[PDB]
Amino acid sequence: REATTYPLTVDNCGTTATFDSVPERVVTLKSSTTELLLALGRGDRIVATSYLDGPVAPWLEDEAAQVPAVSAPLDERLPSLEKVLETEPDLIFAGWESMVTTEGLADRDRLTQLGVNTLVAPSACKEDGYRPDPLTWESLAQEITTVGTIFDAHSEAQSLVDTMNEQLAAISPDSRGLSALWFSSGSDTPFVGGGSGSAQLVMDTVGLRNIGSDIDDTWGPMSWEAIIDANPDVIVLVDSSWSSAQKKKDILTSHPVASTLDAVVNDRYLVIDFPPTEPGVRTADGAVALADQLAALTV
Ligand SMILES: [Ca+2]
Ligand SMILES: [Ca+2]
Ligand SMILES: [Ca+2]
Ligand SMILES: [Ca+2]
Ligand SMILES: [K+]
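When we follow the authors' numbering, the leftmost residue of the sequence shown carries the number 55, and every step to the right adds one.
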């Protein structure tokens with residue numbers, strides 16, 4: 055039954071952010087931020103959205119239906135700052151840190167001067183000291199709790215964390231010692247899940263060894279030669295609008311050497327949608343989905 059005390063000061067990716075009162079008019083950038091506010095029962099605070107990553111989670115459809123901004127995003131990517139400001143926001147809630155730098159909408163200090171708070175999803179901080187190290191489920195719980203505090207939504211945040219933990223509790227790590235390629239896009243040079251993002255978190259959780267684990271980033275290129283030598287037991291396909299799961303199956307099938315891998319010959323594929331690959335509460339839903347598919351797979 056806690057209610058937030060304002061003014062509230064928080065360190066958010068190394069910027070001091072002070073909230074004089076609960077946010078009322080928020081522009082959310084990326085699906086992660088938009089859906090987190092929907093999930094916390096704060097959809098009515100969303101005055102604009104931009105850079106959405108796909109349809110909302112099915113369980114957020116009824117919240118999204120009450121928020122006109124979800125139906126009319128400002129832009130497919132970053133909107134102009136003028137369009138953002140037209141809605142008289144008190145907060146810009148950015149899924150990626152770059153969006154509130156000079157290379158994005160504007161720097162955070164300049165936005166503060168103009169009367170606009172900024173909040174970067176805590177899971178998305180990129181600098182040393184603030185980047186998850188490593189990303190864990192607790193990183194994501196802490197993000198929910200922090201945003202809940204800012205939005206005076208303490209019970210809602212606790213509920214959301216409890217729901218994520220229940221989903222995770224449904225997963226028993228596979229004990230077969232299997233390895234996996236996490237294949238995002240690319241035919242000439244595959245782009246794969248690296249060792250420091252959601253891909254690694256999810257593979258660790260479901261019990262797959264990531265052949266891309268030595269990549270020190272969320273994603274990286276891996277040559278066909280290196281993939282073939284790694285011999286992944288299972289292949290996770292990210293199903294995105296720009297590279298479908300089927301497209302990647304066809305790439306694998308058509309490759310004159312990778313088509314001879316056991317994983318490819320035996321259709322040992324797991325499929326995850328794009329939005330849960332951005333770290334957030336949906337990532338746990340993605341993990342459940344992959345765990346269920348892996349359970350159904352014989353190898
Ligand atoms: Ca409103
Ligand atoms: Ca700055
Ligand atoms: Ca500055
Ligand atoms: Ca249970
Ligand atoms: K306010």
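The beta carbon of each residue, even a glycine, is placed where N, CA and C say it ideally should be.
* ligand 5 heavy atom lying under 7 Å from the CB of residue 201 -> No, since every heavy atom of ligand 5 falls outside the 7 Å radius drawn around the Cβ of residue 201.
* Based on the DSSP output, what are the partners of residue 275 in its beta bridges? -> Its beta-bridge partners are 245.
* To do: In angstroms with no decimal places, state the Cα-to-Cα distance between residue 314 and residue 321.
  => 11 Å
* Asked: DSSP state of residue 152, grouped into three classes?
  -> helix
* Asked: What are the uninterrupted segments assigned as alpha helix (DSSP H) that are 4 or more residues long and contained completely in the segment 195-249, given in chain order?
  -> 208-223
* Asked: Secondary structure at residue 185, three-state DSSP: helix, strand or coil?
  -> coil
* To do: For residue 230, count neighbouring C-beta atoms within 10 Å of its own C-beta (all shown protein chains included) and say buried if the count is 16 or more, exposed if not.
  => exposed
* **Beta carbon shell of ligand 6 at less than 5 Å from a heavy atom** => This structure simply doesn't include ligand 6; it includes ligand 1, ligand 2, ligand 3, ligand 4 and ligand 5 instead.
* Would the beta-carbon of residue 205 fall within 8 Å of that of residue 76? -> yes
* Rounded C-alpha distance that separates residue 121 from residue 223 -> 32 Å
* To do: Indicate whether residue 250 and residue 270 have their beta-carbon atoms separated by less than 8 Å.
  => yes
* In the segment 70-156, which residue ranges form an unbroken alpha helix (DSSP H) of at least 4 residues, counting only runs that do not cross its ends? -> 85-93, 115-118, 122-125 and 135-139
* Asked: In whole angstroms, what separates the C-alpha of residue 302 from that of residue 296?
  -> 11 Å
* Asked: Just to confirm, does residue 263 get its C-beta within under 7 Å of one of the non-hydrogen atoms of ligand 3?
  -> no
* Following the continuous beta strand (DSSP E) through residue 291, name the residue where it begins and the one where it ends. => Counting along the chain, residue 291 sits inside the beta strand (DSSP E) bounded by residues 288-293.
* At least 3 beta-carbon pairs within less than 8 Å: the segment 209-226 vs the segment 244-258 -> no
* What's the gap between the Cα of residue 180 and the Cα of residue 67? -> Computed Cα separation, rounded: 8 Å.
* To do: Can you grab the Cα-Cα spacing for the pair residue 115 / residue 124, in whole Å?
  => 10 Å
* **Cutoff 6 Å; reference residue 53; Cβ partners in own chain excluding five residues on either side** => Residue 53 is absent from the structure shown; the chain starts at 55 and stops at 353.
* To do: Using only the heavy atoms of ligand 4, determine whether one of them is closer than 7 Å to the beta carbon of residue 345.
  => no
* To do: Take the Cβ of residue 214 as the centre, count every other Cβ of all protein chains shown within 10 Å, and call the residue buried at 16 or more, exposed below.
  => buried
* Could you say which of 340, 281 and 326 lies nearest to residue 316 if we only look at CA atoms? => Residue 281 is the option with its Cα nearest to residue 316.
* Which residues share a DSSP beta bridge with residue 352? -> Partner(s): none; residue 352 has no beta bridge.
* Asked: Run through DSSP, which three-state label would residue 281 get?
  -> helix
* Asked: What is the chain-ordered set of residues for which the beta carbon lies under 6 Å from any non-hydrogen atom of ligand 4?
  -> 220 and 223
* **Coil, strand or helix - residue 65 by DSSP** => strand
* **DSSP state of residue 173 mapped onto helix, strand, coil** => strand
* Looking at residue 304 and residue 328, is the spacing between their C-beta atoms short of 8 Å? -> No. Outside cutoff.
* To do: Could you name the residues of the same chain whose beta carbon sits closer than 6 Å to that of residue 306, not counting the 5 residues immediately before and after it, in chain order?
  => So the qualifying residues of the chain are 312 and 318.
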